[PDB]
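**Student:** There's a structure below that I have some questions on.
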Amino acid sequence: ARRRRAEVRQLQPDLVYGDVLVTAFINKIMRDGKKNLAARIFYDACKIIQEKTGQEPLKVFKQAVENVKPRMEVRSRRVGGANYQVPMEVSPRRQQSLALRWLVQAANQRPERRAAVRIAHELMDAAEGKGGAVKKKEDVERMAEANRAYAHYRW
Amino acid sequence: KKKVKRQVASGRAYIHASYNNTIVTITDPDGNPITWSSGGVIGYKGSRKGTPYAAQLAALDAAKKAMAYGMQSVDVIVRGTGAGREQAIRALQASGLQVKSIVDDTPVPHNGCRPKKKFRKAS
Amino acid sequence: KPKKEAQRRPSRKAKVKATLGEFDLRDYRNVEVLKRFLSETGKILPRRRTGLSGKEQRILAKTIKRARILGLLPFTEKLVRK
RNA sequence: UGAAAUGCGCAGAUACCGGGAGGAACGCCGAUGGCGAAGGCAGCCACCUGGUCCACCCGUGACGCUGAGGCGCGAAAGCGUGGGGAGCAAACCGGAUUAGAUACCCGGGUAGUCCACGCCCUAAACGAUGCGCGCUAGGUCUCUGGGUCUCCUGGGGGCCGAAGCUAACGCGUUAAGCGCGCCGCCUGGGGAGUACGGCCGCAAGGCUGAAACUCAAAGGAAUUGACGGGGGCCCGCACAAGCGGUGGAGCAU
Ligand SMILES: [Mg+2]
Ligand SMILES: [Mg+2]
Ligand SMILES: [Mg+2]
Ligand SMILES: [Mg+2]
Ligand SMILES: [Mg+2]
Ligand SMILES: [Mg+2]
Ligand SMILES: [Mg+2]
Ligand SMILES: [Mg+2]
Ligand SMILES: [Mg+2]
Ligand SMILES: [Mg+2]
Ligand SMILES: [Mg+2]
Ligand SMILES: [Mg+2]
Ligand SMILES: [Mg+2]
Ligand SMILES: [Mg+2]
Ligand SMILES: [Mg+2]
Ligand SMILES: [Mg+2]
Ligand SMILES: [Mg+2]
Ligand SMILES: [Mg+2]
Ligand SMILES: [Mg+2]
């Protein structure tokens, strides 16, 4: 993509909640394009959260993501001589990207032998500042709370 | 006395920056020094001593260790041409040290002494 | 600069006041005046500034130097701020 | 320092303050500037001295231009005697990079760079364009004297350009134009600026300077293009972001 800066395609809201992020997440669980399967999984996992948790399923989801979303990265560059880390703010379009992606990963990383369970819980673990999911947002925003030498750029 | 916690309240803050390392210094209003840190003083060993952090970070230790003798306000004194200028400074402007004045005194020979090959042209 | 070039100087013309009024240029004592023909530092300003012609500066300079030796004017003074 | 290491630091370095010794160069002014026969020449001050431009038309009265040979001057380096030696730095000592580095990089270091007198005399000593003189549109910027002074007249430096010139690039009243005087010099490349002779030098070397042989070329400017670890602009899932996979296994081809 040289110029024109591709335009962010907007998905269609959810059917059980009608709120973007839901599908978006749904999408990340999906494999080989199977919606339904991946769909049940989220909705299943949404159910398991009204029980093991009293909090409504949506709030657990949405409030589990914002705890994930990274606010800083490290886009390497060549200040010449070596390959610097160079950290920057995360465009809000990206945060989401990584966020959900992250969850779905860490999820499958866990032990439980299921789909929802893996999902619901790590969501829940996320709505308390815990979980392998959130773990990564930390190992990340850390390689960026300092950066590393761009003084030749004086300004 | 023992090691004596001497109060100074005010002094100097000489800063030496160059394409190699950044040395900040603290002194008494009469030149005499109190404590100096650097890039070397804190980990950083190679070209990491000319890393702009080499400014602030040192330019924080100069402070911290320099606030221990009172000093609340200092008169900065920049020197050399390179990177780290102002940073070492701003570093003191957040360190807790009020900054009286900022001065430049970089020494440029009115042409004397043949520089090392490494230096000769410009334009 | 950037789209300004900042080099647009319409031959001055009627130069404000021509920087002062009626003051010799071979005054190896008249500091009071000379002190103005020097940047923040005893750095003699260029032609660009001041407001002098050929033979003139050759003198102004030849003078400021004669002054420094008398300890009247400075060679190099410290810089404040920045 | 690209990263490093040698190197210097607890006999306390670096970094900051004060004081002292020494050598060398001399900021900003400074320039697209100036002066000089060239080499070359910039802190300031005084002194001794060269050249030069202008205004006045006052004096001499062709007394002029060139210039083989001669003589003198001639960057840097180098050489001799003696002093000085801060920084720098051939050679050389180590450090590192490399397939290997007696190199590029790094840390030291001698001659040297400095001054005196004497010697060397070469140079991309280049404007690569001998000196003088007369003639042939302008414009523009700039240094310096005269001027009825932002205009005209003289000297010097640049720019652009008439005619003209030139193989072209370009030059063009700072001619590579038009002319005259005189001087030097060229007469294919390589062998050679070498060999020999001679002159010169303390030496290193320098000036003068061939041929046998050999090759059909060596060469100059410009055109098209290609190429560059040249530059500006710009596209392609080319990179990045991202999803799945290949490289592992069994099999198939
Ligand atoms: Mg590299
Ligand atoms: Mg210290
Ligand atoms: Mg004279
Ligand atoms: Mg003659
Ligand atoms: Mg010499
Ligand atoms: Mg000698
Ligand atoms: Mg020594
Ligand atoms: Mg020729
Ligand atoms: Mg007149
Ligand atoms: Mg002229
Ligand atoms: Mg022309
Ligand atoms: Mg023509
Ligand atoms: Mg020769
Ligand atoms: Mg002979
Ligand atoms: Mg040739
Ligand atoms: Mg050619
Ligand atoms: Mg495509
Ligand atoms: Mg990719
Ligand atoms: Mg295979």
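A note on labels: chains of the structure tokens are A, B, ... as shown, every chain counts residues from 1, and ligands are counted from 1 in their shown order.
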For chain D, work out the contacting residues on chain B at 6 Å, counting only C-alpha atoms (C1' of nucleotides), and write them as a VMD selection string.

**Tutor:** chain B and resid 31 to 33 110 to 114

**Student:** As a quick test: using only C-alpha atoms (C1' of nucleotides) and all ligand atoms, which residues lie no more than 10 Å away from ligand 1? Give them as a list in words.

**Tutor:**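 The distance check yields residues 78, 80, 81, 82 and 83 of chain A; 2 and 3 of chain D.
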
**Student:** Within 8 Å of ligand 9, which residues show up when you count only C-alpha atoms (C1' of nucleotides) and all ligand atoms? List them as a PyMOL selection string, please.

**Tutor:** chain D and resi 55+146-147

**Student:** Report as a list in words which protein, DNA and RNA residues come within 12 Å of ligand 15, using only C-alpha atoms (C1' of nucleotides) and all ligand atoms.

**Tutor:**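 The residues within 12 Å of ligand 15, counting only C-alpha atoms (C1' of nucleotides) and all ligand atoms, are residues 124, 128, 218, 219 and 220 of chain D.
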
**Student:** Could the residues in this selection be written to a file with N, CA, C and O atoms (P, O5', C5', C4', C3', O3' and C1' of nucleotides), as a PDB file, in the first residue's frame?

**Tutor:**
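Written file, part30.pdb:
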ATOM      1  P     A D 124      53.141  21.475 -12.707  1.00  0.00           P
ATOM      2  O5'   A D 124      51.624  21.745 -12.334  1.00  0.00           O
ATOM      3  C5'   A D 124      50.680  20.697 -12.453  1.00  0.00           C
ATOM      4  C4'   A D 124      49.399  21.027 -11.722  1.00  0.00           C
ATOM      5  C3'   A D 124      49.477  21.291 -10.223  1.00  0.00           C
ATOM      6  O3'   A D 124      49.386  22.705 -10.095  1.00  0.00           O
ATOM      7  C1'   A D 124      47.559  20.010 -10.843  1.00  0.00           C
ATOM      8  P     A D 128      42.544  26.613 -15.168  1.00  0.00           P
ATOM      9  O5'   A D 128      43.835  26.592 -16.108  1.00  0.00           O
ATOM     10  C5'   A D 128      45.133  26.966 -15.624  1.00  0.00           C
ATOM     11  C4'   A D 128      46.206  26.173 -16.324  1.00  0.00           C
ATOM     12  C3'   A D 128      46.113  26.259 -17.830  1.00  0.00           C
ATOM     13  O3'   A D 128      46.947  27.293 -18.387  1.00  0.00           O
ATOM     14  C1'   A D 128      46.392  24.007 -17.075  1.00  0.00           C
ATOM     15  P     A D 218      43.523   3.622 -28.713  1.00  0.00           P
ATOM     16  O5'   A D 218      44.598   4.666 -28.154  1.00  0.00           O
ATOM     17  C5'   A D 218      45.723   4.229 -27.394  1.00  0.00           C
ATOM     18  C4'   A D 218      46.501   5.411 -26.860  1.00  0.00           C
ATOM     19  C3'   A D 218      45.673   6.553 -26.322  1.00  0.00           C
ATOM     20  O3'   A D 218      45.235   6.341 -25.017  1.00  0.00           O
ATOM     21  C1'   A D 218      47.312   7.427 -27.727  1.00  0.00           C
ATOM     22  P     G D 219      43.799   6.877 -24.610  1.00  0.00           P
ATOM     23  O5'   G D 219      43.749   8.356 -25.204  1.00  0.00           O
ATOM     24  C5'   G D 219      44.629   9.360 -24.703  1.00  0.00           C
ATOM     25  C4'   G D 219      44.378  10.712 -25.353  1.00  0.00           C
ATOM     26  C3'   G D 219      43.028  11.398 -25.260  1.00  0.00           C
ATOM     27  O3'   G D 219      42.813  12.000 -23.991  1.00  0.00           O
ATOM     28  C1'   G D 219      43.889  11.682 -27.417  1.00  0.00           C
ATOM     29  P     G D 220      41.317  12.355 -23.528  1.00  0.00           P
ATOM     30  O5'   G D 220      40.976  13.690 -24.315  1.00  0.00           O
ATOM     31  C5'   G D 220      41.627  14.917 -23.988  1.00  0.00           C
ATOM     32  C4'   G D 220      41.064  16.035 -24.819  1.00  0.00           C
ATOM     33  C3'   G D 220      39.572  16.195 -24.664  1.00  0.00           C
ATOM     34  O3'   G D 220      39.292  17.038 -23.557  1.00  0.00           O
ATOM     35  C1'   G D 220      40.115  16.071 -26.956  1.00  0.00           C
TER      36        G D 220
END

**Student:** If we count only C-alpha atoms (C1' of nucleotides) and set the cut-off at 9 Å, which residues sit around residue 42 in chain B, ignoring sequence neighbours fewer than 3 positions away in its own chain? Please answer as a PyMOL selection string.

**Tutor:** chain B and resi 37-39+45+49+54+57-58+61

**Student:** Using only C-alpha atoms (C1' of nucleotides) and all ligand atoms, what are the residues with an atom within 8 Å of ligand 18, set out as a PyMOL selection string?

**Tutor:** chain D and resi 239-242

**Student:** Can you list, as a list in words, every protein, DNA or RNA residue that comes within 6 Å of range 112-129 of chain A when you count only C-alpha atoms (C1' of nucleotides), leaving out same-chain residues fewer than 5 positions away?

**Tutor:**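 Near range 112-129 of chain A, the qualifying residues are residues 41, 44, 45, 63, 64 and 107 of chain A.
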
**Student:** Residues up to 7 Å from ligand 11, counting only C-alpha atoms (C1' of nucleotides) and all ligand atoms: could you list those as a list in words?

**Tutor:** residues 160, 161, 171 and 172 of chain D

**Student:** Let me see if you get this right: every residue at most 9 Å from ligand 13, counting only C-alpha atoms (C1' of nucleotides) and all ligand atoms, written as a ChimeraX atom specification.

**Tutor:** /D:122,193,206

**Student:** Taking only C-alpha atoms (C1' of nucleotides) and all ligand atoms into account, which residues have an atom no farther than 12 Å from ligand 4? I'd like them as a PDB file with N, CA and C atoms (P, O5', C5', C4', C3', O3' and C1' of nucleotides), in the first residue's frame.

**Tutor:**
ATOM      1  P     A D  37      53.278  43.395  -8.289  1.00  0.00           P
ATOM      2  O5'   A D  37      53.517  41.953  -8.927  1.00  0.00           O
ATOM      3  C5'   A D  37      53.234  41.708 -10.301  1.00  0.00           C
ATOM      4  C4'   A D  37      53.922  40.451 -10.772  1.00  0.00           C
ATOM      5  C3'   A D  37      53.628  39.218  -9.961  1.00  0.00           C
ATOM      6  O3'   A D  37      52.433  38.645 -10.405  1.00  0.00           O
ATOM      7  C1'   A D  37      55.940  39.375 -10.268  1.00  0.00           C
ATOM      8  P     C D  65      58.810  50.285 -21.854  1.00  0.00           P
ATOM      9  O5'   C D  65      58.271  49.137 -22.798  1.00  0.00           O
ATOM     10  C5'   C D  65      56.883  48.991 -23.007  1.00  0.00           C
ATOM     11  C4'   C D  65      56.625  47.844 -23.943  1.00  0.00           C
ATOM     12  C3'   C D  65      57.328  46.541 -23.615  1.00  0.00           C
ATOM     13  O3'   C D  65      56.620  45.763 -22.691  1.00  0.00           O
ATOM     14  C1'   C D  65      57.657  47.021 -25.876  1.00  0.00           C
ATOM     15  P     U D  66      57.410  44.689 -21.835  1.00  0.00           P
ATOM     16  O5'   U D  66      58.000  43.717 -22.944  1.00  0.00           O
ATOM     17  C5'   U D  66      57.170  42.849 -23.705  1.00  0.00           C
ATOM     18  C4'   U D  66      58.017  41.967 -24.618  1.00  0.00           C
ATOM     19  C3'   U D  66      59.092  41.093 -23.987  1.00  0.00           C
ATOM     20  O3'   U D  66      58.550  39.873 -23.477  1.00  0.00           O
ATOM     21  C1'   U D  66      59.998  42.223 -25.849  1.00  0.00           C
ATOM     22  P     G D  67      59.111  39.269 -22.106  1.00  0.00           P
ATOM     23  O5'   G D  67      60.565  38.799 -22.513  1.00  0.00           O
ATOM     24  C5'   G D  67      60.766  37.978 -23.652  1.00  0.00           C
ATOM     25  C4'   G D  67      62.200  38.052 -24.092  1.00  0.00           C
ATOM     26  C3'   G D  67      63.247  37.731 -23.036  1.00  0.00           C
ATOM     27  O3'   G D  67      63.447  36.323 -23.004  1.00  0.00           O
ATOM     28  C1'   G D  67      63.786  39.745 -24.106  1.00  0.00           C
ATOM     29  P     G D 130      49.208  32.362 -22.033  1.00  0.00           P
ATOM     30  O5'   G D 130      50.442  33.320 -21.762  1.00  0.00           O
ATOM     31  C5'   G D 130      51.015  33.306 -20.470  1.00  0.00           C
ATOM     32  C4'   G D 130      52.242  34.155 -20.399  1.00  0.00           C
ATOM     33  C3'   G D 130      52.007  35.627 -20.596  1.00  0.00           C
ATOM     34  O3'   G D 130      51.621  36.208 -19.363  1.00  0.00           O
ATOM     35  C1'   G D 130      53.795  34.928 -21.944  1.00  0.00           C
ATOM     36  P     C D 131      50.684  37.509 -19.361  1.00  0.00           P
ATOM     37  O5'   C D 131      51.708  38.619 -19.830  1.00  0.00           O
ATOM     38  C5'   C D 131      52.918  38.809 -19.114  1.00  0.00           C
ATOM     39  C4'   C D 131      53.723  39.880 -19.772  1.00  0.00           C
ATOM     40  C3'   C D 131      52.882  41.034 -20.290  1.00  0.00           C
ATOM     41  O3'   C D 131      52.578  41.953 -19.264  1.00  0.00           O
ATOM     42  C1'   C D 131      54.387  40.374 -21.949  1.00  0.00           C
ATOM     43  P     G D 132      51.228  42.806 -19.343  1.00  0.00           P
ATOM     44  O5'   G D 132      51.572  43.823 -20.506  1.00  0.00           O
ATOM     45  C5'   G D 132      52.766  44.595 -20.451  1.00  0.00           C
ATOM     46  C4'   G D 132      52.915  45.435 -21.698  1.00  0.00           C
ATOM     47  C3'   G D 132      51.657  46.082 -22.255  1.00  0.00           C
ATOM     48  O3'   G D 132      51.261  47.239 -21.545  1.00  0.00           O
ATOM     49  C1'   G D 132      52.919  45.186 -24.013  1.00  0.00           C
ATOM     50  P     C D 182      59.108  41.196 -34.244  1.00  0.00           P
ATOM     51  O5'   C D 182      59.357  40.723 -32.764  1.00  0.00           O
ATOM     52  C5'   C D 182      60.466  41.271 -32.113  1.00  0.00           C
ATOM     53  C4'   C D 182      60.556  40.759 -30.737  1.00  0.00           C
ATOM     54  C3'   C D 182      60.574  39.266 -30.553  1.00  0.00           C
ATOM     55  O3'   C D 182      61.860  38.741 -30.749  1.00  0.00           O
ATOM     56  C1'   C D 182      59.055  40.201 -29.074  1.00  0.00           C
ATOM     57  P     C D 183      62.030  37.186 -31.059  1.00  0.00           P
ATOM     58  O5'   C D 183      61.713  36.538 -29.653  1.00  0.00           O
ATOM     59  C5'   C D 183      62.644  36.692 -28.597  1.00  0.00           C
ATOM     60  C4'   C D 183      62.056  36.220 -27.317  1.00  0.00           C
ATOM     61  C3'   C D 183      61.761  34.748 -27.250  1.00  0.00           C
ATOM     62  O3'   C D 183      62.953  34.004 -27.047  1.00  0.00           O
ATOM     63  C1'   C D 183      59.930  35.924 -26.418  1.00  0.00           C
TER      64        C D 183
END

**Student:** List all protein, DNA and RNA residues that have at least one atom no more than 10 Å from any atom of ligand 7, counting only C-alpha atoms (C1' of nucleotides) and all ligand atoms, and write them as a PyMOL selection string.

**Tutor:** chain D and resi 85+108-110

**Student:** Residues of chain C within 6 Å of chain D, using only C-alpha atoms (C1' of nucleotides), as a list in words?

**Tutor:**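 So the residues of chain C near chain D are residues 43, 44 and 61 of chain C.
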
**Student:** Restricting it to N, CA and C atoms, dump the selection as a PDB file, in the first residue's frame.

**Tutor:**
ATOM      1  N   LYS C  43      31.567  38.981  19.909  1.00  0.00           N
ATOM      2  CA  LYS C  43      31.601  38.544  18.530  1.00  0.00           C
ATOM      3  C   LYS C  43      31.175  39.689  17.657  1.00  0.00           C
ATOM      4  N   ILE C  44      32.141  40.301  16.986  1.00  0.00           N
ATOM      5  CA  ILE C  44      31.852  41.405  16.096  1.00  0.00           C
ATOM      6  C   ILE C  44      30.750  40.911  15.179  1.00  0.00           C
ATOM      7  N   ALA C  61      36.289  47.063  12.937  1.00  0.00           N
ATOM      8  CA  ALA C  61      36.970  45.874  13.412  1.00  0.00           C
ATOM      9  C   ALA C  61      38.332  46.272  13.935  1.00  0.00           C
TER      10      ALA C  61
END
